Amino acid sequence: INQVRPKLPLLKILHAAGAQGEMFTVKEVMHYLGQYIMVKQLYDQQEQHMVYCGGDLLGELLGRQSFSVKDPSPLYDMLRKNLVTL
């Protein structure tokens, strides 16, 4: 409904950040993605809107070495491709 099912590569990352199950809201997905970024401290301390995720699961998932949380077409492309609806 507003429930989505992450595809495997995304789901792995979600469970890594603590998520249980295979069905989520977009908010839930965002929460756990963000939690993942925060607990793995993938961001640059000196430029905190910049996520450096090369050589990480998330890097592979996004197909990027780095990205700006301010400019998340990388993120939304991944979600378009990794969230299965209805």
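Note that residue numbering follows the sequence shown and begins at 1.
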| item | value |
| --- | --- |
| Selected stretch [higher average CA B-factor]: 47-55 or 29-37 | 47-55 |
| Chain-relative CA temperature factor third for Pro72 | highest |
| Ranked against its chain, the third holding the CA B-factor of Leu62 | highest |
| Chain thirds of CA B-factor: placement of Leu8 | lowest |
| Ranked C-alpha temperature factor of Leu79 among modelled chain residues, by third | lowest |
